[PDB]
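Visitor: I have a structure here, written as C-alpha cells, and I will follow up with some questions on it.
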Amino acid sequence: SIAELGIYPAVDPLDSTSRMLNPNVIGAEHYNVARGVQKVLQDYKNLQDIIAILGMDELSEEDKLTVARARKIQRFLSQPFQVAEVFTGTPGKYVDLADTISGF
Amino acid sequence: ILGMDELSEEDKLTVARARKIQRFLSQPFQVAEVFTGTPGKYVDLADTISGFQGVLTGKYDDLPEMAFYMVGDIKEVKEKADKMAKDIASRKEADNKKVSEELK
Amino acid sequence: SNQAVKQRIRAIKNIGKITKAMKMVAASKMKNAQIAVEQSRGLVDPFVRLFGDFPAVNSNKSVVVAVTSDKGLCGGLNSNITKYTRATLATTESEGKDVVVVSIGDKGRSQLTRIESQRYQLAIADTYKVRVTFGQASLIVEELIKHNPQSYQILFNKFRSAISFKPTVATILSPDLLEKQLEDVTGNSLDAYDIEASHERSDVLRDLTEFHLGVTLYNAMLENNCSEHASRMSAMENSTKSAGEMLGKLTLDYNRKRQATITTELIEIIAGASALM
Amino acid sequence: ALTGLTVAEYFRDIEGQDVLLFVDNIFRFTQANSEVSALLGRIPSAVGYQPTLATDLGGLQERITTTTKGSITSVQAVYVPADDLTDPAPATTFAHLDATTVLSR
Amino acid sequence: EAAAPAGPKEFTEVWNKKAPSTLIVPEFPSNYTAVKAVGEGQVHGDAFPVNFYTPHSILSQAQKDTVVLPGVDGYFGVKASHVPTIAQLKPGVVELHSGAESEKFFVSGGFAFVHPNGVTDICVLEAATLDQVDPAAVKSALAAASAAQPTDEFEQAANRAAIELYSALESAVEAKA
Amino acid sequence: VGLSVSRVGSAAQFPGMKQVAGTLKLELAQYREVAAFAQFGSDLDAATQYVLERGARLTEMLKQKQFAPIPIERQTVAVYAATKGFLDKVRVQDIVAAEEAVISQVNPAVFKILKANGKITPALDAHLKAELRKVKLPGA
Amino acid sequence: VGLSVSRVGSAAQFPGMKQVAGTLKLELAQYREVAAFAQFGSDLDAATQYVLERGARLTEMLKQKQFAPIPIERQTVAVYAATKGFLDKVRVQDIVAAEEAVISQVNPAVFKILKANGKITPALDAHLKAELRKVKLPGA
C-alpha cells in the first residue's frame with residue numbers, strides 16, 4: 001500500500017519495529033519524535049476510513065491539521081535512493097540522524 | 001448501502017439503462033411454456049442487435065423496467081409497455097351483467 | 001481470496017459505524033435546530049392572515065425558489081423538491097408567463113438544470129454552514145428583488161415531525177403589481193385597515209412585501225434545514241440496516257470459507273502423510 | 001460424560017426418578033472424542049472433527065431420554081467455537097437440543 | 001379585476017390536472033394557521049390576542065388588554081375592538097400590559113397590524129427588553145453618528161436611521177418609570 | 001415461493017386448483033416485487049398498497065396449522081375465495097377465522113361437485129360466486 | 001479492554017482498587033460503545049461527549065513506561081484521581097504528566113495508609129480528597 005502511493009522506500013512506519021526504540025538507548029529527543037510521528041500516522045489511518053467516504057468537511061480544525069501534518073509526514077518519510085537513479089529520476093540523498101530528528 | 005438517491009445523474013442513467021438491458025436479456029423459451037405458461041419467442045439476431053442498440057443509445061428510456069421482462073424483441077417491449085399502461089386504469093366493471101346468475 | 005472477504009467485512013463494518021455516527025449526528029442537529037424552527041413559524045402567520053394565499057395567480061414575471069440542502073446524504077429530499085418544482089411550475093403555465101427559477105443549496109444547483117436550464121438564473125449556496133440568520137435571508141430577498149417579478153414561489157419541506165416533511169409552496173405577490181389587484185372584491189378587503197405609514201399605501205405594501213419575502217425565505221430555509229437533518233437521520237437509519245444485513249451475509253460466507261479452509265488444509269496434510277505410510 | 005450418564009441411569013432405571021444430568025461443556029466432550037479419534041489414526045472429517053462425530057455425540061445423547069421408569073433431563077453447557085453456529089460440533093449438538101436458555105450479561 | 005381567485009382549494013383542483021396524480025398536494029402556509037382576519041370573534045371583552053413576533057423568537061402570544069405601539073406618527077394604543085390598522089413602527093417601546101404590570105420591549109421598528117377580528121400582530125426584527133440595553137453606549141455611539149455626515153445618501157440615510165434610533169433609545173432610557 | 005419449484009408435477013395437478021392458483025402465483029410474485037422495492041413503509045402508491053393488501057391476505061390464506069391436512073376441494077374453494085374478492089372485508093388478522101368460516105358456511109354439495117368433476121364448471125363457478133356472498137365473515 | 005477478561009475477576013483484586021476499577025471499567029465500556037465517533041467533534045452531542053471526553057482521559061491514564069512497574073497504592077491513587085473527576089480539568093494530551101503530578105505532590109503518608117489498611121476508608125477518603133485538590137497539575 002505504501003508502494004502504490006509512490007512513497008519509496010515503502011517502509012510501513014507502524015509495522016516496522018526495532019529493539020533500538022527505547023528512550024534509554026537512543027535518547028528521549030529521538031524516542032518521543034518517533035513515537036509522535038507514529039501516533040500522527042496512526043490516527044490519520046483511523047481518520048482515513050472517513051476521509052474516503054465524507055471528504056474533510058467536518059474535521060474539527062485539529063483532525064484536519066492531523067490529516068495535513070500526517071500527509072506531510074508520509075511524504076517526508078519518502079527519500080530518493082542513490083541506487084534508484086536508474087528508476088525514477090533523482091540523485092540519491094544521505095540524511096544524517098540529527099537532520100531527520102530536527103526535520104520530523 | 002446509500003441507495004439510488006446518492007448517485008450521480010450519469011450514474012442514475014446507467015443504472016436505469018442497465019436494469020432495462022438486464023431485463024431485456026431475459027427471454028421466454030418454447031420448452032419452458034409448459035410450466036411457465038408464457039409462450040416462447042425466437043428472437044432473430046438482427047432484431048437482437050437493433051433492439052439492444054436502441055436501449056443503449058437511450059431510444060427507449062420512456063418505457064418502464066418491466067416492459068422489457070420476458071419479451072421477444074423491441075416490438076414486444078412497446079406492446080407490453082402500452083398494455084401495462086392501458087391496464088393501469090381497467091380494474092373493475094365485473095360487478096353485474098354476468099353469465100353466472102342462477103338462470104343463465 | 002480468503003483475505004479479500006476479511007477486508008470486505010472490515011470495509012462494511014467501518015461503513016456501518018460511520019453511518020451510525022451520522023445518524024446520531026443528524027438526530028443531534030435535528031433537536032437543537034428545531035428550537036429555532038418553530039420559533040420562526042409564528043411570523044409567517046400575520047402575513048398570511050393579512051395578504052392571503054394566492055399560488056395560482058396569473059403573474060407576468062415569476063421567481064420560483066426551490067430551497068434545498070447543501071450536503072448530500074439527505075436521502076431523496078432534494079429530488080422530491082426538484083419534482084415538486086416542475087409539478088408546481090407547470091400549474092402556473094396558463095398564458096406563456098415568464099419564470100425565473102432559483103435554487104438555495106448546492107444540491108438544487110445540480111438538479112434543476114436537468115429539467116429547467118434556460119430558466120435558471122441564481123444559485124445561493126453555503127447557507128447552512130454557520131447557521132441561518134435573518135440578515136442572510138434579507139440579502140437573498142434583495143437579490144431576488146433586483147429583478148422584480150409579480151409573484152414569488154418558495155418550495156421547501158415543512159418540518160412536521162421527524163417522520164413527515166410534506167413539502168410546501170408559499171406564495172408572495174408584488175405590492176399592487178398583483179397583490180391588491182387580487183384583493184378587490186365589491187370594494188376591497190385591504191381598505192378595512194388604516195394605513196399609518198409615513199408615505200402612501202403603495203409604499204407601505206412595497207416595504208411590507210419585502211418583509212414578507214424575507215420572513216418566508218427565512219422560515220423556508222430554516223424548516224428545510226431541519227427537515228434535511230431529520231431526513232438524513234432517517235436515511236442513515238436505513239444505511240446501518242443495509243450495512244448490517246450485508247455484514248451478516250458476509251460473516252456467514254466468511255464462516256463457510258473458514259470451515260472450507262480448515263478442511264482443505266487438513267485433507268492436504270492427510271494426503272501427504274498417507275503417501276508415505 | 002458416560003460415567004455421569006451411568007450414575008444418572010441408575011437413578012432412572014432402578015430408583016425410578018426424574019434425574020438431572022449436567023454435562024458441563026458438551027463441546028469439550030466433542031473435542032475430547034475428536035482427540036481420541038485423531039490419536040487412533042482416523043482421518044478427520046469436516047472442519048477438523050472426528051469422522052464419527054454425529055454417532056459419538058448421539059451415543060451419549062440418546063441415553064438421555066424418558067423410559068417407562070423415569071427420565072433423565074440434561075442441561076448441557078454449549079460453547080460455540082468461532083461464534084459460528086454452522087460449525088459441525090454445535091450444528092450436531094443443536095439437533096439433539098430441545099431448549100436453549102441463553103444467559104445474558 | 002380579481003379574475004384569478006386562487007387559494008389552497010383552487011390550486012388543489014387545478015394541480016390535479018397538470019402534475020402526475022400520485023403526488024399529494026403541496027402544503028400551504030394557510031394550513032398551519034387557525035386564526036384569520038375576517039373570521040369574527042376572538043375578542044371576549046377587555047383582553048385581546050397580541051401576537052408579538054420576531055424572526056428569532058415569539059415574545060408573546062397570550063391575550064392582553066392594552067398595547068402601546070410606537071408608530072411613525074407617534075405612540076398609539078390598542079384596546080380590544082380597535083379599528084383595523086397597518087401601522088409601520090418607528091424604533092420605540094412596545095408596552096404590553098395585563099393590568100398594573102407592564103413589560104417594556106424596545107423594538108427596532110417593523111410593522112404592527114390590527115385585524116378586523118381584533119387580533120394584533122406586532123412584527124419587528126430586533127425586539128429587546130429594555131432591561132438589556134446599556135445607557136452608556138448609546139450616546140457613545142451617537143457622538144460618532146453625529147460626525148460621519150457624508151454626501152452619500154445611502155450612508156446619510158443610514159446615519160439618519162442611526163441618529164433616530166439612538167435618539168429614541170436615549171429618550172426611552174432616561175424616561176424610565 | 002420465489003425459490004420453491006415443481007416442474008414435473010405442474011400441469012399434472014388438480015384442474016380447479018390449476019385454474020385458481022396461477023393468479024395466486026402471480027399475485028404473490030407481485031407481492032414479492034413490491035416488498036423487494038419497499039422494505040420500509042413510507043411511500044404508498046395506493047395501487048402498490050392494493051397489491052400489498054392482497055399479498056398479505058393471500059399469505060395469511062396459505063398458512064395453516066399442524067397435523068390437519070385439507071382436502072383439495074376445500075383448498076380450491078379457499079383460494080378461490082381469496083384470489084378473487086370475498087375477503088377484502090376481512091383485514092389482516094381474522095383471515096384464519098375467515099377461511100374457516102368460508103369452509104364452514106359454504107354448502108357442502110359444491111365440494112362434492114368440485115371433487116367429482118375435477119374443476120370448476122361455469123355452473124359451479126356461478127353457484128360458487130353465489131355461495132361466497134352469503135358467508136358471515138368475522139371481520140365486519 | 002473489551003477482549004481482556006479474568007474468569008477469577010474482582011475477587012482477587014486489591015480492595016480500594018476494587019472501589020474504583022468497578023466504575024472505571026463501566027466508564028470504559030460506555031466509552032468503547034461511543035468510541036470511533038470522536039472524529040465527530042464539530043458534531044457534538046453533549047451527553048455522549050462527556051463520556052467520550054472522560055474515556056479519552058482514562059485511556060491516557062493507563063499508559064505506562066517500560067520496566068517502571070508501579071506499586072498498587074500509587075496505581076489506585078492514580079485511578080482515584082482520574083475516576084472521581086480530579087483530572088477533568090486537564091487537557092487530554094498531558095495526563096501522563098498529570099499522573100506523576102498527582103503521585104509526587106500528594107504526600108506519601110497516604111500511601112502507607114492505603115497499603116496497610118488495604119482499602120479506601122472514608123477516614124482516608126476525606127484526606128485523599130483534600131489532598132487531590134492542592135495538586136499543581138499542568139493545566140489551564
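Chains: A, B, ... in order of the C-alpha cells. Residues: from 1 per chain. Ligands: from 1, in order shown.
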Skipping near chain neighbours, those fewer than 5 positions away, what residues fall within 12 Å of residue 17 in chain E using only C-alpha atoms, listed as a PyMOL selection string?
Guide: (chain C and resi 87-88+90-93) or (chain E and resi 10-12+22-23+25)
Visitor: Determine, counting only C-alpha atoms, which protein, DNA and RNA residues have an atom within 10 Å of an atom of residue 161 in chain E; residues of the same chain fewer than 4 positions away are not included. Present the result as a list in words.
Guide: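 Residues near the query, excluding close chain neighbours: residues 90, 91, 145, 155, 156, 157, 165, 166 and 167 of chain E.
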Visitor: Mind writing the picked residues with N, CA, C and O atoms as a JSON list (two decimals), in the first residue's frame?
Guide:
```json
[["chain", "number", "residue", "atom", "x", "y", "z"],
["E", 90, "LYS", "N", -41.89, 53.08, 14.16],
["E", 90, "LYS", "CA", -40.55, 53.61, 14.35],
["E", 90, "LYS", "C", -39.93, 52.91, 15.54],
["E", 90, "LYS", "O", -40.64, 52.25, 16.31],
["E", 91, "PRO", "N", -38.60, 52.97, 15.70],
["E", 91, "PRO", "CA", -37.98, 52.38, 16.89],
["E", 91, "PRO", "C", -38.46, 52.97, 18.20],
["E", 91, "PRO", "O", -38.16, 54.12, 18.51],
["E", 145, "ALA", "N", -22.08, 59.00, 15.40],
["E", 145, "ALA", "CA", -23.14, 59.05, 14.39],
["E", 145, "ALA", "C", -23.52, 60.47, 14.02],
["E", 145, "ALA", "O", -24.11, 60.68, 12.96],
["E", 155, "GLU", "N", -25.32, 56.19, 2.82],
["E", 155, "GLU", "CA", -24.71, 56.31, 4.14],
["E", 155, "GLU", "C", -25.37, 57.42, 4.95],
["E", 155, "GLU", "O", -25.47, 57.31, 6.18],
["E", 156, "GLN", "N", -25.88, 58.46, 4.30],
["E", 156, "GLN", "CA", -26.56, 59.51, 5.05],
["E", 156, "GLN", "C", -27.92, 59.05, 5.54],
["E", 156, "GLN", "O", -28.34, 59.43, 6.64],
["E", 157, "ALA", "N", -28.61, 58.20, 4.77],
["E", 157, "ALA", "CA", -29.87, 57.63, 5.23],
["E", 157, "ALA", "C", -29.64, 56.63, 6.35],
["E", 157, "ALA", "O", -30.43, 56.54, 7.29],
["E", 165, "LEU", "N", -32.84, 56.15, 15.72],
["E", 165, "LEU", "CA", -32.95, 55.00, 16.62],
["E", 165, "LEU", "C", -32.20, 55.25, 17.92],
["E", 165, "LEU", "O", -32.70, 54.93, 19.00],
["E", 166, "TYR", "N", -30.99, 55.82, 17.83],
["E", 166, "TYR", "CA", -30.21, 56.08, 19.03],
["E", 166, "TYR", "C", -30.84, 57.17, 19.88],
["E", 166, "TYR", "O", -30.82, 57.08, 21.12],
["E", 167, "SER", "N", -31.45, 58.18, 19.25],
["E", 167, "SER", "CA", -32.13, 59.22, 19.99],
["E", 167, "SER", "C", -33.38, 58.68, 20.67],
["E", 167, "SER", "O", -33.67, 59.05, 21.82]]
```
Visitor: Just the number, please: distance in Å from CA of residue 103 in chain C to CA of residue 121 in chain C, one decimal.
Guide: 8.8 Å
Visitor: Can you tell me, as JSON, numbers by chain, which residues in range 37-111 of chain G count as alpha helix (DSSP H) by DSSP?
Guide: {"G": [48, 49, 50, 51, 52, 53, 54, 55, 56, 57, 58, 59, 72, 73, 74, 75, 76, 77, 78, 79, 80, 81, 82, 83, 95, 96, 97, 98, 99, 100, 101, 102, 103, 109, 110, 111]}
Visitor: Would you save the residues of that selection, restricted to N, CA, C and O atoms, as a compact mmCIF listing (two decimals), in the first residue's frame?
Guide:
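In the end it all went to out16.txt:
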```txt
# COMPACT_ATOMS: atom_id res chain seq x y z
N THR G 48 -23.16 12.17 25.30
CA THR G 48 -22.10 11.23 24.98
C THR G 48 -20.76 11.92 24.81
O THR G 48 -19.72 11.24 24.80
N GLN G 49 -20.74 13.24 24.67
CA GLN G 49 -19.47 13.94 24.57
C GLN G 49 -18.75 13.93 25.91
O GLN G 49 -17.52 13.93 25.95
N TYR G 50 -19.50 13.89 27.01
CA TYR G 50 -18.88 13.80 28.33
C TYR G 50 -18.22 12.45 28.54
O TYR G 50 -17.08 12.38 29.02
N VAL G 51 -18.91 11.36 28.20
CA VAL G 51 -18.30 10.05 28.38
C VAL G 51 -17.20 9.83 27.36
O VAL G 51 -16.23 9.12 27.63
N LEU G 52 -17.28 10.48 26.20
CA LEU G 52 -16.20 10.39 25.22
C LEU G 52 -14.97 11.14 25.69
O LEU G 52 -13.84 10.64 25.56
N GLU G 53 -15.16 12.32 26.28
CA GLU G 53 -14.05 13.10 26.82
C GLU G 53 -13.42 12.40 28.01
O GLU G 53 -12.19 12.35 28.11
N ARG G 54 -14.23 11.80 28.88
CA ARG G 54 -13.68 11.11 30.04
C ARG G 54 -13.05 9.78 29.67
O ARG G 54 -12.10 9.34 30.33
N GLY G 55 -13.56 9.11 28.64
CA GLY G 55 -12.89 7.92 28.15
C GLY G 55 -11.54 8.23 27.54
O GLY G 55 -10.58 7.48 27.72
N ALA G 56 -11.45 9.35 26.83
CA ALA G 56 -10.15 9.80 26.34
C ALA G 56 -9.23 10.22 27.49
O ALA G 56 -8.01 10.15 27.34
N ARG G 57 -9.80 10.68 28.61
CA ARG G 57 -8.98 10.90 29.80
C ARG G 57 -8.42 9.59 30.32
O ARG G 57 -7.22 9.47 30.57
N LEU G 58 -9.29 8.59 30.49
CA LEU G 58 -8.92 7.38 31.21
C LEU G 58 -8.05 6.44 30.39
O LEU G 58 -7.26 5.69 30.98
N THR G 59 -8.17 6.43 29.07
CA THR G 59 -7.22 5.65 28.28
C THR G 59 -5.83 6.24 28.35
O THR G 59 -4.84 5.52 28.19
N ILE G 72 0.86 -0.76 44.10
CA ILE G 72 -0.58 -0.81 43.86
C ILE G 72 -1.30 0.37 44.50
O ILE G 72 -2.33 0.83 43.98
N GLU G 73 -0.76 0.93 45.58
CA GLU G 73 -1.40 2.08 46.20
C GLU G 73 -1.23 3.33 45.34
O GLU G 73 -2.17 4.13 45.25
N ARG G 74 -0.10 3.46 44.65
CA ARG G 74 0.07 4.55 43.70
C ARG G 74 -0.84 4.38 42.50
O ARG G 74 -1.36 5.36 41.96
N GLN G 75 -1.07 3.12 42.09
CA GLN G 75 -1.99 2.85 40.99
C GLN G 75 -3.42 3.21 41.35
O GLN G 75 -4.11 3.84 40.54
N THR G 76 -3.88 2.83 42.53
CA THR G 76 -5.26 3.15 42.87
C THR G 76 -5.43 4.61 43.25
O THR G 76 -6.53 5.14 43.09
N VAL G 77 -4.38 5.30 43.69
CA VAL G 77 -4.46 6.74 43.86
C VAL G 77 -4.56 7.43 42.50
O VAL G 77 -5.33 8.39 42.33
N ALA G 78 -3.84 6.92 41.49
CA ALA G 78 -3.97 7.47 40.14
C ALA G 78 -5.36 7.20 39.55
O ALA G 78 -5.95 8.10 38.94
N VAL G 79 -5.90 6.00 39.75
CA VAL G 79 -7.24 5.71 39.24
C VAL G 79 -8.31 6.45 40.04
O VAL G 79 -9.36 6.80 39.49
N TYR G 80 -8.04 6.78 41.30
CA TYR G 80 -8.94 7.65 42.05
C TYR G 80 -8.91 9.07 41.49
O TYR G 80 -9.96 9.68 41.29
N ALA G 81 -7.71 9.59 41.23
CA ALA G 81 -7.56 10.95 40.75
C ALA G 81 -8.08 11.12 39.34
O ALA G 81 -8.39 12.24 38.93
N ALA G 82 -8.15 10.05 38.56
CA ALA G 82 -8.72 10.16 37.23
C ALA G 82 -10.19 9.79 37.17
O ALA G 82 -10.91 10.29 36.30
N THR G 83 -10.66 8.93 38.07
CA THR G 83 -12.02 8.40 38.01
C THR G 83 -13.02 9.36 38.63
O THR G 83 -14.05 9.67 38.04
N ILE G 95 -2.01 14.17 30.49
CA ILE G 95 -2.41 13.42 31.68
C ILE G 95 -1.31 12.48 32.14
O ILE G 95 -1.20 12.19 33.34
N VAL G 96 -0.44 12.04 31.22
CA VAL G 96 0.71 11.24 31.59
C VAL G 96 1.69 12.05 32.43
O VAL G 96 2.43 11.48 33.24
N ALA G 97 1.69 13.38 32.29
CA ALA G 97 2.43 14.25 33.18
C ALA G 97 1.61 14.68 34.38
O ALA G 97 2.19 14.99 35.42
N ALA G 98 0.28 14.69 34.25
CA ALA G 98 -0.58 14.98 35.38
C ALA G 98 -0.69 13.82 36.35
O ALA G 98 -1.19 14.00 37.46
N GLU G 99 -0.24 12.63 35.94
CA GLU G 99 -0.28 11.48 36.83
C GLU G 99 0.83 11.53 37.87
O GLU G 99 0.57 11.39 39.06
N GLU G 100 2.08 11.74 37.45
CA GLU G 100 3.12 11.93 38.45
C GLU G 100 3.05 13.29 39.11
O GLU G 100 3.66 13.48 40.16
N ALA G 101 2.31 14.23 38.52
CA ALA G 101 1.94 15.44 39.25
C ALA G 101 0.96 15.16 40.37
O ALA G 101 0.81 16.00 41.26
N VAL G 102 0.27 14.02 40.35
CA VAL G 102 -0.55 13.58 41.46
C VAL G 102 0.24 12.70 42.42
O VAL G 102 0.15 12.87 43.63
N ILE G 103 1.07 11.80 41.88
CA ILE G 103 1.80 10.85 42.71
C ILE G 103 2.88 11.55 43.53
O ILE G 103 3.03 11.28 44.73
N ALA G 109 2.38 9.90 53.04
CA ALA G 109 1.76 9.26 54.20
C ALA G 109 0.44 8.62 53.83
O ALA G 109 0.01 7.67 54.50
N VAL G 110 -0.22 9.11 52.77
CA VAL G 110 -1.44 8.50 52.26
C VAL G 110 -1.19 7.09 51.74
O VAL G 110 -2.01 6.19 51.94
N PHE G 111 -0.03 6.88 51.11
CA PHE G 111 0.30 5.60 50.51
C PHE G 111 0.50 4.52 51.56
O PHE G 111 0.13 3.37 51.35
```
Visitor: From a DSSP pass on the backbone, collect the residues of range 20-82 of chain C flagged as strand (DSSP E or B) and hand them back as a ChimeraX atom specification.
Guide: /C:61-67
Visitor: Please write out chain G, superposed on chain F by least squares over all C-alpha atoms matched in order, as a CSV table (one decimal) with C-alpha atoms, in the first residue's frame.
Guide:
```
chain,number,residue,atom,x,y,z
G,1,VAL,CA,-42.4,-19.7,-3.1
G,2,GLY,CA,-39.7,-18.1,-5.2
G,3,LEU,CA,-37.3,-21.0,-4.7
G,4,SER,CA,-39.8,-23.9,-4.6
G,5,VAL,CA,-40.4,-25.2,-8.1
G,6,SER,CA,-41.8,-28.4,-9.7
G,7,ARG,CA,-40.3,-29.5,-13.0
G,8,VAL,CA,-43.4,-31.5,-13.6
G,9,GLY,CA,-45.4,-28.4,-12.8
G,10,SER,CA,-49.1,-27.8,-13.4
G,11,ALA,CA,-49.6,-30.9,-15.7
G,12,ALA,CA,-50.2,-32.8,-12.4
G,13,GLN,CA,-52.3,-30.2,-10.6
G,14,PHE,CA,-55.9,-30.6,-9.5
G,15,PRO,CA,-57.9,-28.9,-12.3
G,16,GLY,CA,-60.0,-26.2,-10.6
G,17,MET,CA,-57.0,-25.6,-8.5
G,18,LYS,CA,-55.1,-25.0,-11.7
G,19,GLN,CA,-57.8,-22.4,-12.5
G,20,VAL,CA,-56.9,-20.4,-9.4
G,21,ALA,CA,-53.2,-21.3,-8.6
G,22,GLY,CA,-52.0,-19.9,-12.0
G,23,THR,CA,-53.1,-16.4,-11.0
G,24,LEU,CA,-52.2,-17.0,-7.4
G,25,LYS,CA,-48.5,-17.6,-8.2
G,26,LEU,CA,-48.5,-14.5,-10.5
G,27,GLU,CA,-50.0,-12.4,-7.7
G,28,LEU,CA,-47.4,-13.8,-5.3
G,29,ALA,CA,-44.6,-13.1,-7.8
G,30,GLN,CA,-45.7,-9.5,-8.0
G,31,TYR,CA,-46.0,-9.3,-4.2
G,32,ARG,CA,-42.5,-10.8,-3.8
G,33,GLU,CA,-41.1,-8.2,-6.2
G,34,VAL,CA,-42.8,-5.4,-4.3
G,35,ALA,CA,-42.2,-7.1,-0.9
G,36,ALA,CA,-40.0,-5.7,1.9
G,37,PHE,CA,-41.4,-2.2,1.0
G,38,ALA,CA,-44.4,-2.8,3.2
G,39,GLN,CA,-42.5,-1.0,6.0
G,40,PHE,CA,-43.3,2.0,3.8
G,41,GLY,CA,-46.9,2.3,4.8
G,42,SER,CA,-47.1,6.1,5.3
G,43,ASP,CA,-45.3,6.3,1.9
G,44,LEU,CA,-48.1,4.9,-0.2
G,45,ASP,CA,-48.1,4.2,-3.9
G,46,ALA,CA,-51.7,3.3,-4.8
G,47,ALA,CA,-50.9,0.8,-7.5
G,48,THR,CA,-48.3,-1.4,-5.8
G,49,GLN,CA,-50.1,-0.9,-2.5
G,50,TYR,CA,-53.0,-3.0,-3.9
G,51,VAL,CA,-50.7,-5.9,-4.9
G,52,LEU,CA,-48.9,-5.5,-1.6
G,53,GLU,CA,-52.1,-5.6,0.4
G,54,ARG,CA,-53.4,-8.6,-1.6
G,55,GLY,CA,-50.0,-10.4,-1.2
G,56,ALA,CA,-50.3,-9.9,2.5
G,57,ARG,CA,-53.8,-11.4,2.2
G,58,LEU,CA,-52.6,-14.5,0.3
G,59,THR,CA,-49.6,-15.3,2.4
G,60,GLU,CA,-52.0,-15.5,5.3
G,61,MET,CA,-54.1,-17.8,3.2
G,62,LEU,CA,-51.6,-20.6,2.8
G,63,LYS,CA,-50.8,-21.1,6.5
G,64,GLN,CA,-51.8,-24.4,8.0
G,65,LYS,CA,-52.0,-25.9,11.5
G,66,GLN,CA,-50.0,-29.1,11.9
G,67,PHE,CA,-51.5,-32.5,11.0
G,68,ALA,CA,-54.8,-31.2,9.9
G,69,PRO,CA,-54.3,-31.8,6.2
G,70,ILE,CA,-57.0,-30.3,4.0
G,71,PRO,CA,-58.9,-32.1,1.2
G,72,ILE,CA,-58.2,-30.6,-2.2
G,73,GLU,CA,-61.7,-29.2,-2.9
G,74,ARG,CA,-61.6,-27.2,0.4
G,75,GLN,CA,-58.2,-26.0,-0.6
G,76,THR,CA,-59.3,-24.7,-4.0
G,77,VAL,CA,-62.4,-23.2,-2.5
G,78,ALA,CA,-60.2,-21.3,0.0
G,79,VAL,CA,-57.9,-20.2,-2.9
G,80,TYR,CA,-61.0,-19.1,-4.8
G,81,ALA,CA,-62.3,-17.1,-1.9
G,82,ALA,CA,-58.9,-15.4,-1.4
G,83,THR,CA,-57.9,-15.0,-5.1
G,84,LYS,CA,-61.0,-13.7,-6.8
G,85,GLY,CA,-61.5,-11.0,-4.1
G,86,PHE,CA,-64.1,-12.3,-1.6
G,87,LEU,CA,-61.7,-11.7,1.2
G,88,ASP,CA,-60.4,-8.3,0.2
G,89,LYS,CA,-62.7,-6.8,2.8
G,90,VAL,CA,-61.2,-8.7,5.8
G,91,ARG,CA,-58.2,-7.4,7.8
G,92,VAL,CA,-54.9,-9.1,7.2
G,93,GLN,CA,-54.5,-10.7,10.7
G,94,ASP,CA,-57.8,-12.7,10.9
G,95,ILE,CA,-57.8,-14.4,7.5
G,96,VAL,CA,-56.8,-17.7,9.2
G,97,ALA,CA,-60.2,-17.4,10.9
G,98,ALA,CA,-61.9,-16.1,7.7
G,99,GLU,CA,-60.8,-19.3,6.0
G,100,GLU,CA,-62.8,-21.7,8.1
G,101,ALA,CA,-65.5,-19.0,8.1
G,102,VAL,CA,-65.6,-19.8,4.3
G,103,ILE,CA,-65.2,-23.6,4.6
G,104,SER,CA,-67.8,-24.1,7.3
G,105,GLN,CA,-70.3,-21.6,6.0
G,106,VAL,CA,-70.3,-22.5,2.3
G,107,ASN,CA,-72.7,-25.5,2.2
G,108,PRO,CA,-70.9,-28.8,1.6
G,109,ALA,CA,-72.8,-29.8,-1.5
G,110,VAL,CA,-70.4,-27.5,-3.4
G,111,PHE,CA,-67.5,-29.7,-2.3
G,112,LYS,CA,-69.1,-32.9,-3.7
G,113,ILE,CA,-69.5,-31.2,-7.1
G,114,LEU,CA,-66.0,-29.8,-7.1
G,115,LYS,CA,-64.5,-33.1,-6.1
G,116,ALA,CA,-66.5,-35.3,-8.4
G,117,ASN,CA,-66.3,-33.1,-11.5
G,118,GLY,CA,-62.7,-32.1,-10.8
G,119,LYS,CA,-62.9,-28.6,-12.1
G,120,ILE,CA,-64.8,-25.3,-11.6
G,121,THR,CA,-67.3,-25.2,-14.3
G,122,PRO,CA,-69.4,-22.0,-14.7
G,123,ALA,CA,-72.4,-24.1,-13.5
G,124,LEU,CA,-70.5,-24.4,-10.2
G,125,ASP,CA,-68.8,-21.1,-10.5
G,126,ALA,CA,-72.0,-19.1,-10.4
G,127,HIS,CA,-73.3,-21.1,-7.4
G,128,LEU,CA,-70.0,-20.9,-5.5
G,129,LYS,CA,-69.8,-17.2,-6.3
G,130,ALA,CA,-73.2,-16.7,-4.8
G,131,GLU,CA,-72.3,-18.8,-1.9
G,132,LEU,CA,-69.2,-16.7,-1.2
G,133,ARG,CA,-71.0,-13.5,-0.5
G,134,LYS,CA,-73.3,-14.8,2.2
G,135,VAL,CA,-70.4,-15.8,4.4
G,136,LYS,CA,-70.3,-14.2,7.8
G,137,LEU,CA,-66.6,-13.3,7.8
G,138,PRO,CA,-65.0,-11.7,10.9
G,139,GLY,CA,-64.7,-8.3,9.2
G,140,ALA,CA,-65.7,-4.7,9.6
```
Visitor: Compile the contact shell of residue 36 in chain C as a PyMOL selection string: residues with an atom at most 10 Å away, counting only C-alpha atoms, same-chain residues fewer than 3 positions apart removed.
Guide: (chain C and resi 31-33+39-41+132+219+222-223+226) or (chain E and resi 55-57)
Visitor: Set the distance at 10 Å and use only C-alpha atoms: which residues neighbour residue 120 in chain C once local chain neighbours fewer than 2 positions away are removed? I'd like the list as a PyMOL selection string.
Guide: chain C and resi 63-64+99-103+109+112-113+115-118+122-123
Visitor: Compile the residues of chain B that lie within 10 Å of chain C, evaluated using only C-alpha atoms, and express the compilation as number ranges by chain.
Guide: B: 1-9
